[PDB]
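In what follows, a structure is listed as structure tokens, so that the remarks can point back to it.
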Amino acid sequence: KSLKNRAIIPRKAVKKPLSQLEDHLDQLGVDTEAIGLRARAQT
Amino acid sequence: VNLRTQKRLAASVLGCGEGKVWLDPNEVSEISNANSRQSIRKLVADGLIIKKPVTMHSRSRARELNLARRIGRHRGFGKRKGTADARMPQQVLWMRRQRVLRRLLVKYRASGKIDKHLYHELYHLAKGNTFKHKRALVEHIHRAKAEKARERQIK
Amino acid sequence: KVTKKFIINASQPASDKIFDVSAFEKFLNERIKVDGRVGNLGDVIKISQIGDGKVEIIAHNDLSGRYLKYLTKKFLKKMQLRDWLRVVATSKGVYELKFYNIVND
Amino acid sequence: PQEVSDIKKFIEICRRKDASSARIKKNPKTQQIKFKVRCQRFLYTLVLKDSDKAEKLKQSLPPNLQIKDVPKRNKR
Amino acid sequence: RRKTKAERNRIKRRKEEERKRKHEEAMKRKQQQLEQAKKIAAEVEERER
RNA sequence: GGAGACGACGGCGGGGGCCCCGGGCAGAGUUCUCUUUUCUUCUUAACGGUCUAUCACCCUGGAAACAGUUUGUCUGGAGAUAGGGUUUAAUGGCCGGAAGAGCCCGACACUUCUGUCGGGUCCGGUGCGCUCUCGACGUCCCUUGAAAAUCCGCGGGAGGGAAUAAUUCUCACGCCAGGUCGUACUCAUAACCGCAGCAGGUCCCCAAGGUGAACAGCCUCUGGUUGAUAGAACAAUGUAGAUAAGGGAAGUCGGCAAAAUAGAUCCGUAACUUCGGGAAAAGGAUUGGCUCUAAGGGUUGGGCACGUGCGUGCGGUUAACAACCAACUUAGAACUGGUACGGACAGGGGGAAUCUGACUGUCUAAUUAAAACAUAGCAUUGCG
RNA sequence: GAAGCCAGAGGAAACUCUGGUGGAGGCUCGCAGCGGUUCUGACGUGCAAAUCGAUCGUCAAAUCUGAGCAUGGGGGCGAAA
């Protein structure tokens with residue numbers, strides 16, 4: 001956060017990395033291989 | 001690679017300032033290949049150029065301060081800086097009071113609570129600063145009607 | 001008496017077992033406030049599950065879909081899914097939860 | 001732009017020799033339909049309620065005058 | 001006698017209601033001409049001939 | 001004959017825009033905790049139609065027990081009040097323009113070419129607010145505050161005019177035409193002048209939020225910049241900003257400089273005076289926060305008998321009552337922190353006298369701003 | 001806070017007193033603007049052949065200012081230095 005000087009870019013305007021999403025869900029304890037995030041990933 | 005022209009064109013297309021234009025730092029070559037407003041619009045549709053949102057300016061503290069000044073806080077002699085007439089004009093107060101009194105007198109004369117002679121003398125007393133407010137005028141009218149009723153009963 | 005029907009769709013993250021529909025039900029039941037006080041639902045607002053990872057809300061008061069989206073985003077922030085799940089209105093009174101756009105690196 | 005409140009006056013306006021074209025604008029939220037005929041000086045608009053008689057008025061309009069239905073998007 | 005605010009308000013409301021009734025009658029007349037459009041077109045064509 | 005066509009200043013009222021508050025749809029941000037949260041979009045042109053808008057004018061009628069009436073005392077037997085109408089004036093409401101636009105959001109497609117399709121774009125309030133415009137008043141003058149091009153109305157009745165029909169109709173629609181030159185950009189701490197990309201100078205329009213009396217100072221939004229050689233160290237002497245025990249002008253030609261005073265509410269205020277002033281004289285008391293109390297407003301609405309929502313003939317001034325709505329001031333009281341309470345910023349030191357010029361004003365651009373000059377007042381001379 | 005105006009208390013009246021209203025003045029504090037008082041000021045081959053800072057005067061007018069035009073050296077203009 002730097003809300004004094006600038007606004008935060010909306011989350012929908014930045015494409016999320018599949019590696020970071022998989023890492024976060026794997027830390028949360030979700031079997032990513034059983035759900036197939038690669039198919040949902042765009043290119 | 002220089003992107004000043006692309007930033008200016010993106011600002012003109014998005015209808016914002018040049019400080020609100022965000023150019024993708026990872027696809028600089030494709031942004032530099034855009035030399036026309038059609039290409040800039042195509043990159044905006046692709047999401048490579050976006051308009052940054054406005055910086056925060058909230059009115060929340062002003063609204064809480066307005067509520068505090070409404071319920072009566074921060075009105076003390078340490079808070080007052082202008083003179084009493086500068087804060088609230090006696091001319092505006094007199095205008096409000098005279099309009100209230102004349103409106104009430106017109107309403108009473110229309111409804112028939114008073115006649116035109118009582119209306120005229122009460123009008124000139126209101127102009128001559130006899131009544132402080134509507135309650136004072138109403139009490140004076142009630143006392144005058146009571147005295148007239150007593151005189152009629154005596155006669 | 002007017003009745004408003006709201007659907008919070010979480011079918012896809014419920015199928016991924018990412019979003020806990022029962023925990024979201026409990027969170028809504030303990031955080032939806034009526035007349036400025038939490039735990040004051042009574043018969044005014046009812047929360048149920050219609051299945052397939054969907055939450056169904058019946059409101060006889062002036063409950064707002066903006067308020068429901070606000071509480072859904074609060075629940076996502078609690079469950080550390082605010083950076084990864086998005087609440088999007090798809091119909092009149094229907095808010096679905098979906099992943100943000102994903103790039104393959 | 002002028003609004004015509006008389007069906008007879010609109011018929012004579014459409015049968016005038018200067019009438020280049022006419023168009024149909026349907027507003028379903030307002031439940032209304034607009035007949036707009038283009039002449040040399042003025043664009044004349046007749047406002048009616050959405051009804052089968054309003055749709056039938058197209059048949060009583062002159063066949064020589066071209067009539068078009070306005071699409072949802074004014075594509076440039 | 002001098003009229004009061006109640007009389008003035010009723011005068012204002014009657015004038016507004018009269019305007020509303022005139023507008024409603026105008027819409028009804030336009031509607032009736034809309035069902036009688038074909039005879040109107042026949043009369044216009046006959047006058048032109 | 002009207003228009004073109006006209007000063008400065010003051011308060012009041014209407015309208016547009018901006019600012020502010022509330023609800024709703026959508027989007028975004030915050031989320032240890034709290035926050036039904038905070039912010040963003042929610043717009044409507046020219047040109048027209050239609051219904052209304054202060055002044056004023058018209059009709060009835062004849063006013064003292066004078067009345068109407070503005071914040072501001074003007075109006076009325078040269079006809080007021082009242083009742084009923086006619087009109088100058090829209091940047092007012094509705095409709096056409098025009099949602100088909102613009103804006104916001106979403107779902108697919110997309111090597112490019114390119115996009116495609118949905119959902120909306122809504123409902124209110126407030127004001128000694130800022131700004132522009134309009135209107136009625138008012139004040140000042142030994143000052144009385146342009147002209148012309150051009151356009152219109154009227155007086156007048158010369159002519160021209162009908163039933164082979166006539167029409168020289170400022171009505172509606174229709175037909176035709178509208179040449180020449182300028183148009184980029186800067187308008188300034190780099191586009192002009194100063195020899196220069198020079199801290200100088202150079203005429204205007206639009207002007208957000210908070211504090212506050214305030215287009216003061218300080219902080220923020222939109223929009224702009226982040227440009228004015230850099231790096232390291234922290235000696236003297238400087239320049240700029242501060243503090244200092246005790247004493248308090250002992251310093252010095254000379255309190256030079258600096259310090260002290262300062263906003264607001266209340267108490268109170270001398271000599272002198274041309275009676276207007278002096279005067280913010282002097283000298284004192286107080287000022288935060290929190291929880292309350294009190295006062296100061298707007299809108300709507302009266303019973304019968306008939307004819308049938310109005311017309312009458314009545315009857316009454318406890319509506320002194322109910323319902324709804326709304327904002328900023330003022331006074332009072334308790335509690336409470338304290339070394340500070342106009343906590344930064346902002347912001348008179350005061351007094352006793354003398355000389356001097358009546359005052360406001362003006363000049364020595366680039367060493368002198370003054371008892372100099374001017375000023376109103378007074379007196380003299382010349383001119384029919 | 002000047003005329004003008006309203007109400008009340010007196011006074012035979014003319015006038016006197018009290019509370020308001022009103023908004024005059026080549027009035028006054030003071031932002032901009034215009035000007036230029038003082039500092040052992042800065043600067044002194046300067047940013048500048050007159051600049052910078054603080055302080056000061058005035059601020060509804062004998063105020064400030066643009067463009068067009070007029071006055072030309074035996075001259076003009078001059079609230080006169």
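FYI, nothing fancy with the structure tokens labels: chains A, B, ... in order, residues from 1 per chain, ligands from 1 as they appear.
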What are the closest atom pairs, with distances in Å to one decimal, for each residue of chain B lying within 6 Å of chain G, using only C-alpha atoms (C1' of nucleotides), rows by chain and rising residue number, as CSV?
```
residue,atom,partner,partner_atom,distance
B:125,CA,G:7,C1',5.8
B:127,CA,G:6,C1',5.5
B:128,CA,G:7,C1',3.8
B:129,CA,G:20,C1',5.9
```
I need the contact residues of chain B against chain F, so if you could list those with any atom within 8 Å, counting only C-alpha atoms (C1' of nucleotides), and return them as a list in words, that would help.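 My answer is residues 17, 55, 56, 57, 58, 60, 62, 76, 77, 78, 79, 80, 81, 82, 83, 86, 87, 88, 89, 91, 92, 94, 95, 98, 112, 113, 117, 133 and 142 of chain B.
Take the candidates D:19, D:57, D:7, D:29 and check each one against residue 42 (chain D) using only C-alpha atoms; the shortest distance goes to D:19.
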Let me make sure I understand: among C:50, C:76, C:71, C:32, which one has the smallest atom-to-atom distance to residue 11 (chain C) if we use only C-alpha atoms?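 With only C-alpha atoms as the atom set, the closest residue is C:50.
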Any idea what's packed within 12 Å of residue 188 (chain F), counting only C-alpha atoms (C1' of nucleotides), ignoring anything in its chain fewer than 4 positions away? Could you give it as a list in words? residues 192, 193, 197, 201 and 202 of chain F
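Minimum distance to residue 25 (chain G) across F:156, F:2, F:276, F:337 (counting only C-alpha atoms (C1' of nucleotides)) occurs at F:276.
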Contact set, chain B to chain A: 8 Å, only C-alpha atoms, as JSON, numbers by chain: {"B": [47, 50, 52, 53, 54, 55, 56]}
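Reported to one decimal place, the separation of CA of residue 102 (chain C) from CA of residue 41 (chain A) is 5.0 Å.
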Write out as a PyMOL selection string all residues of chain A that DSSP puts in alpha helix (DSSP H) for this structure's backbone. chain A and resi 18-28+32-35+37-40
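For chain E, the residues within 9 Å of chain B are residues 2, 3, 4 and 5 of chain E, with only C-alpha atoms used to measure distance.
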Expected answer as a list in words: chain E residues within 12 Å of chain D, only C-alpha atoms: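 Those within range of chain D come out as residues 23, 26, 27, 28, 29, 30, 31, 32, 33, 34, 35, 36, 37, 38, 39, 40, 41, 42, 43, 44, 45, 46, 47 and 48 of chain E.
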Could you jot down the CA of residue 57 (chain C) to CA of residue 6 (chain C) separation for me, Å, one decimal place?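 Atom-to-atom, CA of residue 57 (chain C) to CA of residue 6 (chain C), that is 5.0 Å.
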Near chain C, meaning an atom within 10 Å, which residues of chain F appear when counting only C-alpha atoms (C1' of nucleotides)? Write them as a PyMOL selection string. chain F and resi 24-27+30-31+36-37+105-107+119
In Å to one decimal, how far is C1' of residue 126 (chain F) from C1' of residue 332 (chain F)?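 Here the two named atoms are 29.3 Å from each other.
Proximity to residue 86 (chain C) at 10 Å, evaluated using only C-alpha atoms (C1' of nucleotides) and with sequence-adjacent residues fewer than 5 positions away removed, yields residues 11 and 12 of chain A; 69, 72, 73, 76, 81, 95, 96, 97, 98, 99 and 100 of chain C.
Those residues that approach residue 43 (chain A) to within 9 Å, counting only C-alpha atoms (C1' of nucleotides), are residues 102, 103, 104 and 105 of chain C; same-chain residues fewer than 3 positions away are not listed.
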Output for the residues just chosen: C-alpha atoms as a tab-separated table (two decimals), in the first residue's frame:
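Heads up, here's the output in result06.tsv:
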```tsv
chain	number	residue	atom	x	y	z
C	102	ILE	CA	-4.07	-16.33	-15.32
C	103	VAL	CA	-0.94	-16.08	-17.48
C	104	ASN	CA	1.26	-19.10	-18.18
C	105	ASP	CA	4.87	-18.33	-17.25
```
Run DSSP on the backbone and tell me which residues of chain D come out as strand (DSSP E); list them as a compact mmCIF listing (two decimals) with C-alpha atoms, in the first residue's frame.
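Result file selection.txt:
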```
# COMPACT_ATOMS: atom_id res chain seq x y z
CA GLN D 2 -40.12 19.03 -35.07
CA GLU D 3 -42.68 16.82 -33.33
CA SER D 21 -36.18 8.59 -45.91
CA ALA D 22 -37.93 7.40 -42.76
CA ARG D 23 -36.85 5.32 -39.79
CA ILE D 24 -38.37 3.38 -36.90
CA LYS D 25 -37.04 3.74 -33.36
CA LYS D 26 -38.43 1.37 -30.74
CA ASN D 27 -37.87 2.14 -27.05
CA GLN D 32 -42.89 3.76 -27.23
CA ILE D 33 -42.18 3.89 -30.96
CA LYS D 34 -40.95 6.86 -33.00
CA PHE D 35 -41.53 7.47 -36.70
CA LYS D 36 -38.84 9.85 -37.96
CA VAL D 37 -39.06 11.19 -41.51
CA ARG D 38 -36.25 13.27 -43.03
CA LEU D 43 -36.71 16.03 -39.28
CA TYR D 44 -40.27 15.18 -38.21
CA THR D 45 -40.93 12.78 -35.34
CA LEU D 46 -44.21 11.07 -34.44
CA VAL D 47 -44.33 9.45 -30.99
CA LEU D 48 -46.77 6.58 -30.44
CA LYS D 49 -47.31 3.78 -27.95
CA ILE D 67 -38.24 3.08 -44.31
CA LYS D 68 -35.51 1.54 -42.13
CA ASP D 69 -35.43 0.23 -38.58
```
Nearest to residue 25 (chain B): which of B:3, B:140, B:85, B:75 is it, counting only C-alpha atoms?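 Among the listed residues, the smallest separation from residue 25 (chain B) belongs to B:3.
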For residue 67 (chain G), please output as a PDB file with N, CA, C and O atoms (P, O5', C5', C4', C3', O3' and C1' of nucleotides), in the first residue's frame all residues within 12 Å (counting only C-alpha atoms (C1' of nucleotides); exclusion window: fewer than 2 positions along the same chain).
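In the end it all went to selection-v7.pdb:
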```
ATOM      1  P     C F 203       1.386  43.600 -17.579  1.00  0.00           P
ATOM      2  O5'   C F 203      -0.127  43.639 -18.057  1.00  0.00           O
ATOM      3  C5'   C F 203      -0.657  44.769 -18.727  1.00  0.00           C
ATOM      4  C4'   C F 203      -1.856  44.388 -19.553  1.00  0.00           C
ATOM      5  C3'   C F 203      -2.783  43.367 -18.919  1.00  0.00           C
ATOM      6  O3'   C F 203      -3.677  43.938 -17.984  1.00  0.00           O
ATOM      7  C1'   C F 203      -2.323  42.726 -21.143  1.00  0.00           C
TER       8        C F 203
ATOM      9  P     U G  65      -0.257  51.983 -13.622  1.00  0.00           P
ATOM     10  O5'   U G  65      -0.895  51.091 -14.775  1.00  0.00           O
ATOM     11  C5'   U G  65      -0.518  49.733 -14.935  1.00  0.00           C
ATOM     12  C4'   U G  65      -1.475  48.984 -15.826  1.00  0.00           C
ATOM     13  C3'   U G  65      -1.660  49.529 -17.230  1.00  0.00           C
ATOM     14  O3'   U G  65      -0.602  49.202 -18.111  1.00  0.00           O
ATOM     15  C1'   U G  65      -3.767  49.015 -16.313  1.00  0.00           C
ATOM     16  P     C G  69      -2.562  54.721 -33.989  1.00  0.00           P
ATOM     17  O5'   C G  69      -2.960  56.177 -33.487  1.00  0.00           O
ATOM     18  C5'   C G  69      -4.014  56.889 -34.113  1.00  0.00           C
ATOM     19  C4'   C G  69      -4.495  58.056 -33.287  1.00  0.00           C
ATOM     20  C3'   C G  69      -3.512  59.183 -33.042  1.00  0.00           C
ATOM     21  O3'   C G  69      -3.312  60.019 -34.166  1.00  0.00           O
ATOM     22  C1'   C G  69      -4.716  58.727 -31.061  1.00  0.00           C
TER      23        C G  69
END
```
